[PDB]
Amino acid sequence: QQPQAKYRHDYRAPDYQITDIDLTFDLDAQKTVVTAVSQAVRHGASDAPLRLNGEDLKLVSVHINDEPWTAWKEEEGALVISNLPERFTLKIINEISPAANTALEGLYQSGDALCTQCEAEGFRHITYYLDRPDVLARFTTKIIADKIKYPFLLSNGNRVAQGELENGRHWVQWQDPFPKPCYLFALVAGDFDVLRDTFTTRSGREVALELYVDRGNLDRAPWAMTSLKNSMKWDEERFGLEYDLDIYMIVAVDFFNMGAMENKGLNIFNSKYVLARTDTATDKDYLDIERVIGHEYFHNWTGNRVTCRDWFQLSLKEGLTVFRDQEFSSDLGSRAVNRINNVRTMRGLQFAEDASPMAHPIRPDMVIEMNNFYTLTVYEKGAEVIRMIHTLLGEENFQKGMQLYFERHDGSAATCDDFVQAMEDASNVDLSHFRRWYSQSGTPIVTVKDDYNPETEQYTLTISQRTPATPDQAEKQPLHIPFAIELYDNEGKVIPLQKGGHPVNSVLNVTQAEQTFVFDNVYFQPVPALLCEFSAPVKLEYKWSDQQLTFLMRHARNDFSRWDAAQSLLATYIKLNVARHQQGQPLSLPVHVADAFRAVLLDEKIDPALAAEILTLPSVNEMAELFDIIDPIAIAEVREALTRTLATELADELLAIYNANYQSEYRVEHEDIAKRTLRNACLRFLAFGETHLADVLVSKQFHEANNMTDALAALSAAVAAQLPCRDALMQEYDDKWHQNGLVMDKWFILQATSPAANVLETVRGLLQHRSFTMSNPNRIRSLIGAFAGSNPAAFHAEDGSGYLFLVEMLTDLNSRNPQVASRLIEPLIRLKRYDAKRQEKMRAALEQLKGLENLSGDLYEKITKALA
């Protein structure tokens, strides 16, 4: 009964297009009546039927040119209409029930509001349609509703008509002139406060900006409004792109599965990426609002004006729009901190996916449930692939490629290959080999050996690559890997790269399984910086000495290299001490390693933004990727022991830097954020100082904080170090904040990731907490998702209790909200990375889920791959 996989190689142009669609919604939460009048054109064979997609629709009538049609049949997921003219008007009336829509796909209820989510395939839950993104139609949308309950009736585009009716109903009609695929349709109905502002484009177009929030939330909206203006200005400055309509609407909703959504002129956002005030939102929340606002804005060109031919091309818009949001954040804020954190995500989360049963190329070849492919790979590795193009081309060529891409493909539904060809043609850089990045899954491993010849003053790098087979692909081939280097002399000075009397570009083209690169006029032995700015998404194998790495921490020119060298230095001793833990032996760390971090604390010339990241230890998920078999208990306990050892060895310096970075004024400004990140990085270690000194310092910060960044940092430390004040602070936060779901998400995450022995009992009990509900995806992800994904030590408890808990939760969510269920099953899919006893219990859990009545396709796809 489960759906069959679809394949990229089966793409065929549609037999029918729809050029124009006129929608009427007679809105109600229990029953909504949809009337859809579509102007259709046959492109395929004259005997081909029109095959419309539809899910959970009550069909009322079918007309062709106003003739009630008899030549049709409903089948699973479809309405098949036969014997049609070449051009005709299709009219469908059908009913849907928003209040019954717990999957939050299609038209559904968010509190008292009605709203939509149509990407990927949600529009077919609203009416029978060609729900495929290469069908581009001009939408007009009339919305009829109770005026008191739904005073604001919004859809894409501009208001073209409005009226009032008997019995307290009213209506508004919207027209969006840009042809669109139906995944970009949106409708919102409700009562809102509205923040209104203006942006004037550089050529003088005045754009009305409207942010819709629940009543009472206006004073939480200005930062999101500011961020929207900042996004608009940056896309003009950096990409030369202006907004193309008259209004820009954003609606914040509390119940939302997919983060935020770029519906043309009517974006719909999870409230978490809109609402901010300094007592409730952290610096990270502010910068996440900025990047998500930006992301959705940037889709207006990379996604909307040029869309996707088919869903296997998702990375065409997502890799590129992620690249754009990273460049936006990096330009406005700290580029080094942005790059560092994106590399942490790549190495600590995406690499894990690319070795897992769900591994796929950034352009997938095979999909059962497309909502399963909104992945770290498609997004984050997708962006790394765009960034490699940028590295190979340089900014000027890259922008020429963007310009050619839009010139060729504006107003169409294009492919990844189209984008690469625009870059290649505009730049004259050959990207034929490079295209293999779109079709090959898995993480390449780049191995480097070096040799310095003092007789000839030559330095030689011998560089090899391989990609291990993945479950989806038995054949792997070498990639075009841009491999950036820098060479340092004994004084930390950069050595010019040259060969044979000519300069050599610092981006080496590693295109073979093995190759050598020779550099001459290297007068003294160098220290290399390798894979600079993480220039390709690969694992690097080079036999660093500790000295080389601490040298780079002191001398490397790019801040990213200094951080990356610290990561390599730590990796050795993380691996050492995990092996020790497994044999019952305590942490061992050479003095000279602690001294490298001491020097970072005491170096006045280092940007505090960088120092903070160097002093932020790899997460347990980053640590896991260092190991062939993951021991999650050893990893967690070593991370804590390492924290404690550094806290003890660096106690005086940590406290001095903590105090020196105190700020009495709170500002959401990048220099202030950096000082705070450094202060709070020190706090994490100071929390493991002598128990009473730590307790006082942490509780004081919590109670004196004039912003949520500092309050949450203290609370997190009390939980992490199990300090005496923990229970009191956690109860104070609950009593203060329990009516604020976004704020309580932070508290649920702390509960779920607690090191306490009784964490699972506490998490289970919190299913009954006043601020928790299974009806809200944010609450689910903050409590259950954080437990399973961010507390692998407790999730992987050797008694199997974490797996049984997740099975209970997934048994509910499989029926309630399969998209959220599929995000939450991911930790179980990784079972082959664990020891045999854990694998057996995880398989038993997955086999239980496999046997569920009414197993969703979302879970079926992942379970099948995991149990293979």
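Throughout, we count residues from 1 along the sequence that is shown.
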| item | value |
| --- | --- |
| Stretch with the higher entry mean CA B-factor, where the candidates are 340 to 348 and 586 to 594 | 586 to 594 |
| 481 to 489 versus 300 to 308 - greater average Cα B-factor per the deposited record | 481 to 489 |
| Residue selected from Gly319, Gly106, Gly204, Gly294 by maximal Cα B factor | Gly204 |
| Residue with maximal Cα B-factor (values as given in the PDB entry) among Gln313, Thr443, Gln175, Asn758 | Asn758 |
| Record-listed C-alpha B factor of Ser856: chain third | middle |
| For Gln819, the third of its chain into which the C-alpha B factor falls | middle |
| Chain third (lowest, middle, highest) by recorded CA B-factor, residue given as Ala13 | middle |
| Chain-wide C-alpha B factor ranking for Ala100, given as lowest, middle or highest third | highest |
| Ranked C-alpha temperature factor of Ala120 among modelled chain residues, by third | lowest |
